[PDB]
Amino acid sequence: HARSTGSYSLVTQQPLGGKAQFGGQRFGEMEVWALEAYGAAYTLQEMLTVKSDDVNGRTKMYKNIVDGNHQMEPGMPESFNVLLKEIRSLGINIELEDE
Amino acid sequence: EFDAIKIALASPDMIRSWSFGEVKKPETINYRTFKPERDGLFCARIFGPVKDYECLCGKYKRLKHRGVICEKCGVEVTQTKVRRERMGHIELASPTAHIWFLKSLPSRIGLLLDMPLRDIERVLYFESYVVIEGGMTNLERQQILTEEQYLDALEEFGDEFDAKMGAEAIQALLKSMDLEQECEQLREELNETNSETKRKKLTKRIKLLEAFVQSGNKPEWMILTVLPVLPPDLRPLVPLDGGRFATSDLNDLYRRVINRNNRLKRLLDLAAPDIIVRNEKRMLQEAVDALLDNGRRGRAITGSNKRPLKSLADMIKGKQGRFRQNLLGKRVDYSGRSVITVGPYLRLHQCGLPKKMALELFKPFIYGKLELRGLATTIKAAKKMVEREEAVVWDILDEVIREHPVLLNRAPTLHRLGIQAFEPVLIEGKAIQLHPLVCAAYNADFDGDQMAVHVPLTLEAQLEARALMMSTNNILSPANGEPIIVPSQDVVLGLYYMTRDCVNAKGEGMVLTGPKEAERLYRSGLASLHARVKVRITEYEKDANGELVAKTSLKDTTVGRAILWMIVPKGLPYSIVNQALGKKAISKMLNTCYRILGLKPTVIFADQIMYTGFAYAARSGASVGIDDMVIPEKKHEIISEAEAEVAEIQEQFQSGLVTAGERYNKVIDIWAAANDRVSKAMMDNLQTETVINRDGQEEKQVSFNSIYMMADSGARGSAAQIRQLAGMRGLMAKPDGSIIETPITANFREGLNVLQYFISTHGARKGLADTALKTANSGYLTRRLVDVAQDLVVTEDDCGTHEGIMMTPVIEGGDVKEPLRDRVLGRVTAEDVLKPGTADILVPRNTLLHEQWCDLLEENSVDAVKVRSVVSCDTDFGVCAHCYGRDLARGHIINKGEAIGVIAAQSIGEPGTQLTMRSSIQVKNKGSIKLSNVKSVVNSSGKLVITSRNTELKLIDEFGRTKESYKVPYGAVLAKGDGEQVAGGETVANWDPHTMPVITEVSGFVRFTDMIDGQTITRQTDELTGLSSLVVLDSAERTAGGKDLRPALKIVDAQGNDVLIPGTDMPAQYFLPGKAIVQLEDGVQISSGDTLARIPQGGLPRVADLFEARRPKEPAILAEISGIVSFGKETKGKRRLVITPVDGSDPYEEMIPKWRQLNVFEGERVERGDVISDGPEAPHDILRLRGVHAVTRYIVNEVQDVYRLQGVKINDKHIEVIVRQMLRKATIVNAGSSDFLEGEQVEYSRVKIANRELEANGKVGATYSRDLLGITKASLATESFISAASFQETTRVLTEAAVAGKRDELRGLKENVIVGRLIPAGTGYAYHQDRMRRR
DNA sequence: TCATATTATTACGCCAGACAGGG
DNA sequence: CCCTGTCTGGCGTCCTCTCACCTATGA
RNA sequence: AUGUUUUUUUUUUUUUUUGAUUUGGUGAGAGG
Ligand SMILES: [Zn+2]
Ligand SMILES: [Zn+2]
């Protein structure tokens, strides 16, 4: 099985799972620890922001690849803003501070 | 873009500021059409239009007026994702307190209003009343009231009196709670009391009272008044395949809260009576509490069928919340997965990758390449071209592959060598071809395994895959110094068959002018691959400074050793191939090649090793047959001699001469002896079976048996497995844990019958159950370790210290187990090591000890090295580059940046699978004696007896290093003395552990002081001997009239005056303990070394109990202060022990549980770190008593003992840094001139920078005290709540952070993996240097 | 079709952490 | 009042693949 | 040398760009 780009889920902006659903590989927790074990800071940054979740990042990246410019414009993951709204939907005021 | 994440409470004004409209109706959707509800949960005006830039109902179907809201639609006009960020709010009719601040253990409202949880819930569920500023009545403010208590009060205090209930009353209490006022009171209460329990109970209440005043969190924000609703997009309502909507659980929760709130508003309209609106508000309280955190209240609500439905807190917490399932691990585009296979033609920087996966993973690069050439125009055309797969896109694909690495990943990645980057080579096929040597890194066999491929998209990621994660760059395991590209199984058989010899072959003893014609004689058919031969080889030894000097000579060698010499690079000597080359020898061949010639010859030489091993293993034809497993001819007579022996033992058992346990022990002993004899018979019969003549009489050699080369080469097989295929397969054990007395005398070449196979299945089912349940604890151990580490990044170059732990070789009592060169390899010395002669600067004080320095250490026989350890590093927030050590997979020091906490945590937890889950001293060598911790005396006979319990007996050799060590008890008969030379095997120690010696220092006469027969001691004349002994009783058997009497022996002179201790003016009286029996009676003159009484008496969960720092059930008790010791009160729960120091203050004591067999007498002076009883010892006692270096030596030795018992090589840096992360918190003792509190627990780097910026001023600092937290308590007690929330319980940590108003200055690895940016360790450390500089 | 709103099983194994009881 | 059983909560491995099954009521 | 010398309705509207190809929990079983 292989996936470059196709459909994703509803709640989250990450790719679907499986083969019958044309989906990508779950880059799990211990693989993130293995990339932290190297100096792979940029590989991990595209591994969890551009390739997976951030919608503006992935559309800009697809257009940047097909122009011939391997460069990522990262932004913030969508599932973290989902986390902010689920935490904030309690009586909890979680924010994002100064520039 | 943004610094720290701030968490605080949500005010009702803040919740109305989040909101965009009140969600009234609970009606979800229409359900018969497609439209929602106006205005229900899924509204239009409150949130937004379903369709993008459209009024859902009807107006604006173009792009001109985005925003207009007509009365017929009551709809906003924006994007489809606008509803995902917009949230609604439910105006709760009746106030409802939060469940996270009422049941968090400890509750936030429980230790703030000074009221028990039980009483808080009673009033909260409309079952109890609470007073609130009554007035001039006889009632308190916190005191509650019941129906009867209120009824009577109602008729009594009908006027000025307030007694409400529920959240409303609670809210008022919190609202009317002067925070500041309580502070002073609490502070004054803590300074006006001495109660230990109260002190801790008051310090925990004042800590959460002053923390609330420090932030902008109000006391009335605990109760929920304006409940917030999560965005619809985040609670999606999609239908499955069919005609119904599979609705989420949160819609059930919100719809019930809104149904109940509408009912409660209508009842407060109608003025229903009291009990109706109490049940109505109570059902609303339980509905809100079920929405927020379901199931924390009594049994959780359920929709379909009996399974409870999932609430908001269950969208956060757990293995499947947002942290562990969508933020730490994500699903990933440009990724693939398939079954692996070998492909041995590869070079070790490249892997095979199928054409179909390659054309799917590289669709955008192919699109960009196709658009560059000009073959097509629009993007559609290119997608049709690769959907059709024409003849021109495969050249495009070979031009996008070429220099573009991919990340191969095996699915259980345990350490960092399980993600490696290759270059693709395209494969006709559907299976990833993976280079074989690399398999030993992935733990990848080829029995059905699968791997995932990931594509580095951007340019920095291609460079990170080539420069950090390439497979040529990972040739040493980061856990140690051992190479991980060791040749595994076929190739060592090909080498072991190639470089060997036989006593006659084709071309025996002919002479050859080079290795080239050695291979030419092997190929043409004129010699054999193993035929001993003088060749002329030219080995290049590089003895100058970087210059290779040729020396050519004639080596008496074989043909195969010359053929393998054609592949060895220049610098290695010929003697690396002159031996037989098993697996350990080829591993040290690649290791010496890496240490001498560097990286590139070692990569190309690893490939040439693998190619020539595969080729000559193919030419070998090394099969396995049924005749290869040679049965010993002596096996049947050994079994019959064992059968005669068990017959003799059972004939004694019929006549009852021997006991049953001694029978079972004798049967297990003779079957162990017969098993060892059968193994030696088959091992001789395999290791030297070949006996071939050469030009005359016969001559023997090691065998070319196939199973023996598979065992001796170390390819696959050991002694035990080849033992079970030929000799008997031992004594298998039943699942009771005890062994079975009748062994399995049949191997596998003979047939096992039925019972023997069933006993075998006992033994093997236990092993499969152990692995399949062991793997969960191994993985959870790696998780706890990488979440306690998680932060620690090499961030300096020198901390500027002179402290470091004292690396000695470790010695258990056998031969010296782990040499000093294994422990001080590549670790930077603390002070400069003196050469063992006299005062020489052998090595300087900041030199890395690589192999050349360690060889000059081994030549001089250096005792022990004071070396720098990670736990002694002075760097605030990180570890400096010298106190870590060598890079371990790079030859140099650790770079500024490389995350060492994560590689250390992986290197400790990765061998978690291989670990298991469930008289006197006899010297061995011949050397010199030395004693430490010794205070001794010469007895009458001459044997130096010892008056100290804790004496260490070292055996030092003639060179200076310490070769043996032992522990000698109090009062043992030493055959030798101090500084003496002995012989190998001579007994040097003797004692009796069943009889605790009460030996003396001086001589004289014996008097019975406080020894009265009848109450103190008893008369027990011996039965079978007649020589009686006055038996000393204990303090429990005698009655209360004489229980105060302490029996003792004090030595006098010939007159009767007390003979004093030499050095003091005190007599030497020995107080006899309980259960003693007097050996030497009254009037008998004594000497030293003679007793005065007879006193009769682990694998992987050990690693968990060392890092998590549990206490053992019966710890060894110690002394918190030095000085004289005494006893106390007679058995009220415990038996006291009072320690009065010589110069220090007296009042320390401890109540010992009296079930322990003590070690100390009444006239004994103790010390800190000195034992009082025996058994295991808790690490907190080591930390608060001996020192920090003592507890780090304790953990690294007690866990390298597990990792060495199971045989795993791990360097000690990793355990020292997880020990650093254990003892990172501290507690204050004297607050000093700072802003801390008395017994406040604060982290160590904070208090050290505080009193280091105050001590640089005039003010003297604060004196701390370090504390050792276990790894899950230490990773949950962090100054970064996302780090402590991605890990275990999120409810406790988020309420603690919310009511404290905590802020997360990100500054670690997992905060930046959550929030989606660069890691502040690796390549991103320059980015975080830049961002930290530009503030 | 369109609002009404929650009851008659037990059978893990530590391991911390808080709580009423009593010498 | 300091030990103490006793009770309550909170953990318990990653990755993947196949299949089936989904609230009752109701004038 | 010369041409108002057989006229009659045998009739004028495009594509337009502006947007995408759509699948959530529970429980059971297998591979490594
Ligand atoms: Zn409209
Ligand atoms: Zn340091």
# chains A, B, ... in the order shown; residues from 1 in each chain; ligands from 1
call {"tool": "residues_near_ligand", "arguments": {"ligand": "ligand 2", "cutoff": "10 Å", "atoms": "only C-alpha atoms (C1' of nucleotides) and all ligand atoms", "output": "list in words"}}
result
residues 794, 795, 796, 797, 798, 799, 800, 801, 802, 803, 804, 868, 869, 870, 871, 872, 873, 874, 875, 876, 878, 879, 880, 881, 882, 883 and 884 of chain B
call {"tool": "residues_around", "arguments": {"residues": "stretch 5-21 of chain D", "least_positions_apart": "3", "cutoff": "7 Å", "atoms": "only C-alpha atoms (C1' of nucleotides)", "output": "number ranges by chain"}}
result
B: 411-412, 775-776, 779-780
call {"tool": "select_by_dssp", "arguments": {"residues": "chain A", "states": "strand (DSSP E)", "output": "number ranges by chain"}}
result
A: 2-3, 25-27, 92-94
call {"tool": "closest_atom_pairs", "arguments": {"of": "chain B", "to": "ligand 1", "cutoff": "9 Å", "atoms": "only C-alpha atoms and all ligand atoms", "output": "tab-separated table"}}
result
residue	atom	partner	partner_atom_place_in_ligand_line	distance
B:54	CA	ligand 1	1 (Zn)	7.1
B:55	CA	ligand 1	1 (Zn)	4.1
B:56	CA	ligand 1	1 (Zn)	7.1
B:57	CA	ligand 1	1 (Zn)	6.5
B:58	CA	ligand 1	1 (Zn)	5.3
B:59	CA	ligand 1	1 (Zn)	4.3
B:60	CA	ligand 1	1 (Zn)	6.4
B:67	CA	ligand 1	1 (Zn)	8.8
B:68	CA	ligand 1	1 (Zn)	6.8
B:69	CA	ligand 1	1 (Zn)	5.4
B:70	CA	ligand 1	1 (Zn)	5.1
B:71	CA	ligand 1	1 (Zn)	7.9
B:72	CA	ligand 1	1 (Zn)	7.1
B:73	CA	ligand 1	1 (Zn)	5.1
B:74	CA	ligand 1	1 (Zn)	7.4
B:75	CA	ligand 1	1 (Zn)	6.3
B:76	CA	ligand 1	1 (Zn)	7.9
B:77	CA	ligand 1	1 (Zn)	7.7
call {"tool": "interface_residues", "arguments": {"of": "chain B", "to": "chain D", "cutoff": "9 Å", "atoms": "only C-alpha atoms (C1' of nucleotides)", "output": "VMD selection string"}}
result
chain B and resid 105 246 303 to 305 410 to 414 450 775 to 780 1133 to 1134 1288 to 1289
call {"tool": "closest_atom_pairs", "arguments": {"of": "chain A", "to": "chain D", "cutoff": "8 Å", "atoms": "only C-alpha atoms (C1' of nucleotides)", "output": "CSV"}}
result
residue,atom,partner,partner_atom,distance
A:26,CA,D:15,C1',7.8
A:28,CA,D:15,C1',7.9
A:30,CA,D:14,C1',7.9
call {"tool": "write_last_selection", "arguments": {"atoms": "N, CA, C and O atoms", "output": "JSON list (two decimals), in the first residue's frame"}}
result
[["chain", "number", "residue", "atom", "x", "y", "z"],
["A", 26, "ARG", "N", 0.31, 5.29, 10.21],
["A", 26, "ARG", "CA", 0.33, 5.97, 11.50],
["A", 26, "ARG", "C", 1.76, 6.09, 11.98],
["A", 26, "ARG", "O", 2.39, 5.10, 12.34],
["A", 28, "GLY", "N", 3.63, 6.64, 14.67],
["A", 28, "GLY", "CA", 3.23, 6.57, 16.06],
["A", 28, "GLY", "C", 4.18, 7.26, 17.01],
["A", 28, "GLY", "O", 4.97, 8.14, 16.65],
["A", 30, "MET", "N", 6.56, 5.97, 19.23],
["A", 30, "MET", "CA", 7.95, 5.56, 19.36],
["A", 30, "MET", "C", 8.77, 5.96, 18.14],
["A", 30, "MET", "O", 9.98, 6.14, 18.26]]
call {"tool": "closest_atom_pairs", "arguments": {"of": "chain B", "to": "chain E", "cutoff": "10 Å", "atoms": "only C-alpha atoms (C1' of nucleotides)", "output": "CSV"}}
result
residue,atom,partner,partner_atom,distance
B:52,CA,E:19,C1',9.1
B:62,CA,E:18,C1',8.4
B:63,CA,E:18,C1',9.3
B:235,CA,E:24,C1',9.9
B:236,CA,E:24,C1',7.8
B:237,CA,E:24,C1',8.0
B:238,CA,E:24,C1',6.6
B:239,CA,E:24,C1',8.0
B:240,CA,E:23,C1',6.5
B:241,CA,E:23,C1',7.4
B:245,CA,E:24,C1',9.7
B:246,CA,E:24,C1',7.0
B:247,CA,E:24,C1',8.2
B:248,CA,E:25,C1',7.6
B:249,CA,E:25,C1',8.6
B:304,CA,E:26,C1',9.2
B:305,CA,E:26,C1',9.4
B:307,CA,E:26,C1',7.9
B:309,CA,E:25,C1',9.2
B:310,CA,E:25,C1',8.9
B:410,CA,E:32,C1',9.5
B:411,CA,E:32,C1',8.3
B:412,CA,E:32,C1',8.6
B:444,CA,E:32,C1',9.0
B:445,CA,E:32,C1',9.4
B:446,CA,E:32,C1',9.7
B:447,CA,E:32,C1',8.2
B:448,CA,E:32,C1',6.8
B:449,CA,E:32,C1',5.4
B:450,CA,E:32,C1',7.3
call {"tool": "select_by_dssp", "arguments": {"residues": "stretch 8-45 of chain B", "states": "alpha helix (DSSP H)", "output": "PyMOL selection string"}}
result
chain B and resi 12-18
call {"tool": "residues_around", "arguments": {"residues": "residue A:61", "least_positions_apart": "6", "cutoff": "12 Å", "atoms": "only C-alpha atoms (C1' of nucleotides)", "output": "PyMOL selection string"}}
result
(chain A and resi 5+46+49-52+54-55+67-75) or (chain B and resi 333+364-365+457-459)
call {"tool": "interface_residues", "arguments": {"of": "chain B", "to": "chain C", "cutoff": "10 Å", "atoms": "only C-alpha atoms (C1' of nucleotides)", "output": "PyMOL selection string"}}
result
chain B and resi 27+105-106+256+259-260+301-303+1110+1132-1133
call {"tool": "closest_residue", "arguments": {"among": "B:183, B:173, B:789, B:1219", "to": "chain A", "atoms": "only C-alpha atoms"}}
result
B:789
call {"tool": "closest_atom_pairs", "arguments": {"of": "chain A", "to": "chain B", "cutoff": "7 Å", "atoms": "only C-alpha atoms", "output": "JSON lines"}}
result
{"residue": "A:1", "atom": "CA", "partner": "B:337", "partner_atom": "CA", "distance": 5.3}
{"residue": "A:2", "atom": "CA", "partner": "B:336", "partner_atom": "CA", "distance": 3.9}
{"residue": "A:3", "atom": "CA", "partner": "B:334", "partner_atom": "CA", "distance": 5.3}
{"residue": "A:4", "atom": "CA", "partner": "B:334", "partner_atom": "CA", "distance": 4.1}
{"residue": "A:5", "atom": "CA", "partner": "B:333", "partner_atom": "CA", "distance": 6.1}
{"residue": "A:11", "atom": "CA", "partner": "B:234", "partner_atom": "CA", "distance": 5.3}
{"residue": "A:14", "atom": "CA", "partner": "B:331", "partner_atom": "CA", "distance": 5.9}
{"residue": "A:15", "atom": "CA", "partner": "B:331", "partner_atom": "CA", "distance": 5.6}
{"residue": "A:24", "atom": "CA", "partner": "B:333", "partner_atom": "CA", "distance": 5.2}
{"residue": "A:25", "atom": "CA", "partner": "B:332", "partner_atom": "CA", "distance": 5.4}
{"residue": "A:26", "atom": "CA", "partner": "B:331", "partner_atom": "CA", "distance": 4.0}
{"residue": "A:27", "atom": "CA", "partner": "B:330", "partner_atom": "CA", "distance": 5.5}
{"residue": "A:28", "atom": "CA", "partner": "B:329", "partner_atom": "CA", "distance": 4.2}
{"residue": "A:29", "atom": "CA", "partner": "B:329", "partner_atom": "CA", "distance": 4.9}
{"residue": "A:30", "atom": "CA", "partner": "B:413", "partner_atom": "CA", "distance": 6.0}
{"residue": "A:31", "atom": "CA", "partner": "B:413", "partner_atom": "CA", "distance": 6.2}
{"residue": "A:33", "atom": "CA", "partner": "B:902", "partner_atom": "CA", "distance": 6.8}
{"residue": "A:34", "atom": "CA", "partner": "B:416", "partner_atom": "CA", "distance": 4.5}
{"residue": "A:36", "atom": "CA", "partner": "B:899", "partner_atom": "CA", "distance": 6.9}
{"residue": "A:37", "atom": "CA", "partner": "B:903", "partner_atom": "CA", "distance": 5.2}
{"residue": "A:38", "atom": "CA", "partner": "B:468", "partner_atom": "CA", "distance": 6.8}
{"residue": "A:39", "atom": "CA", "partner": "B:1322", "partner_atom": "CA", "distance": 3.6}
{"residue": "A:40", "atom": "CA", "partner": "B:1322", "partner_atom": "CA", "distance": 6.1}
{"residue": "A:41", "atom": "CA", "partner": "B:1319", "partner_atom": "CA", "distance": 5.2}
{"residue": "A:42", "atom": "CA", "partner": "B:461", "partner_atom": "CA", "distance": 5.6}
{"residue": "A:43", "atom": "CA", "partner": "B:461", "partner_atom": "CA", "distance": 4.6}
{"residue": "A:45", "atom": "CA", "partner": "B:1318", "partner_atom": "CA", "distance": 5.9}
{"residue": "A:47", "atom": "CA", "partner": "B:332", "partner_atom": "CA", "distance": 6.9}
{"residue": "A:48", "atom": "CA", "partner": "B:330", "partner_atom": "CA", "distance": 6.4}
{"residue": "A:49", "atom": "CA", "partner": "B:1316", "partner_atom": "CA", "distance": 6.2}
{"residue": "A:51", "atom": "CA", "partner": "B:333", "partner_atom": "CA", "distance": 5.2}
{"residue": "A:52", "atom": "CA", "partner": "B:332", "partner_atom": "CA", "distance": 4.7}
{"residue": "A:62", "atom": "CA", "partner": "B:364", "partner_atom": "CA", "distance": 6.9}
{"residue": "A:65", "atom": "CA", "partner": "B:364", "partner_atom": "CA", "distance": 6.2}
{"residue": "A:66", "atom": "CA", "partner": "B:368", "partner_atom": "CA", "distance": 4.1}
{"residue": "A:67", "atom": "CA", "partner": "B:368", "partner_atom": "CA", "distance": 5.9}
{"residue": "A:68", "atom": "CA", "partner": "B:368", "partner_atom": "CA", "distance": 6.1}
{"residue": "A:70", "atom": "CA", "partner": "B:458", "partner_atom": "CA", "distance": 4.5}
{"residue": "A:71", "atom": "CA", "partner": "B:458", "partner_atom": "CA", "distance": 5.1}
{"residue": "A:72", "atom": "CA", "partner": "B:458", "partner_atom": "CA", "distance": 6.2}
{"residue": "A:76", "atom": "CA", "partner": "B:1316", "partner_atom": "CA", "distance": 5.7}
{"residue": "A:77", "atom": "CA", "partner": "B:1316", "partner_atom": "CA", "distance": 6.0}
{"residue": "A:79", "atom": "CA", "partner": "B:326", "partner_atom": "CA", "distance": 6.6}
{"residue": "A:80", "atom": "CA", "partner": "B:1315", "partner_atom": "CA", "distance": 6.6}
{"residue": "A:83", "atom": "CA", "partner": "B:322", "partner_atom": "CA", "distance": 6.5}
{"residue": "A:85", "atom": "CA", "partner": "B:230", "partner_atom": "CA", "distance": 6.6}
{"residue": "A:86", "atom": "CA", "partner": "B:230", "partner_atom": "CA", "distance": 6.4}
{"residue": "A:89", "atom": "CA", "partner": "B:228", "partner_atom": "CA", "distance": 5.2}
{"residue": "A:90", "atom": "CA", "partner": "B:292", "partner_atom": "CA", "distance": 6.7}
{"residue": "A:91", "atom": "CA", "partner": "B:10", "partner_atom": "CA", "distance": 5.2}
{"residue": "A:92", "atom": "CA", "partner": "B:9", "partner_atom": "CA", "distance": 5.0}
{"residue": "A:93", "atom": "CA", "partner": "B:10", "partner_atom": "CA", "distance": 4.9}
{"residue": "A:94", "atom": "CA", "partner": "B:7", "partner_atom": "CA", "distance": 4.3}
{"residue": "A:95", "atom": "CA", "partner": "B:6", "partner_atom": "CA", "distance": 5.3}
{"residue": "A:96", "atom": "CA", "partner": "B:5", "partner_atom": "CA", "distance": 4.9}
{"residue": "A:97", "atom": "CA", "partner": "B:3", "partner_atom": "CA", "distance": 5.8}
{"residue": "A:98", "atom": "CA", "partner": "B:2", "partner_atom": "CA", "distance": 5.6}
{"residue": "A:99", "atom": "CA", "partner": "B:2", "partner_atom": "CA", "distance": 4.6}
call {"tool": "atom_distance", "arguments": {"atom1": "atom CA of residue B:614", "atom2": "atom CA of residue B:563"}}
result
14.1 Å
call {"tool": "residues_around", "arguments": {"residues": "stretch 1228-1240 of chain B", "least_positions_apart": "5", "cutoff": "10 Å", "atoms": "only C-alpha atoms (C1' of nucleotides)", "output": "number ranges by chain"}}
result
B: 199-200, 203-204, 207, 1247, 1250-1251, 1254-1255, 1259-1266
call {"tool": "write_last_selection", "arguments": {"atoms": "C-alpha atoms", "output": "compact mmCIF listing (two decimals), in the first residue's frame"}}
result
# COMPACT_ATOMS: atom_id res chain seq x y z
CA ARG B 199 1.94 21.00 59.65
CA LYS B 200 1.68 19.01 56.41
CA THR B 203 1.14 23.63 54.33
CA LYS B 204 -0.89 21.91 51.61
CA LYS B 207 -0.02 26.46 49.17
CA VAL B 1247 16.48 27.20 43.83
CA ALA B 1250 17.85 31.83 42.88
CA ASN B 1251 20.48 31.57 45.56
CA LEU B 1254 21.45 36.15 45.52
CA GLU B 1255 24.80 34.80 46.72
CA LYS B 1259 23.01 38.00 50.89
CA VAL B 1260 23.83 34.42 51.87
CA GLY B 1261 21.81 31.82 50.00
CA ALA B 1262 19.21 29.17 50.75
CA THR B 1263 20.12 25.67 51.93
CA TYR B 1264 18.15 22.96 50.16
CA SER B 1265 17.75 19.21 50.47
CA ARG B 1266 17.51 16.90 47.48
call {"tool": "residues_around", "arguments": {"residues": "residue B:864", "least_positions_apart": "3", "cutoff": "8 Å", "atoms": "only C-alpha atoms (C1' of nucleotides)", "output": "ChimeraX atom specification"}}
result
/B:806-809,820
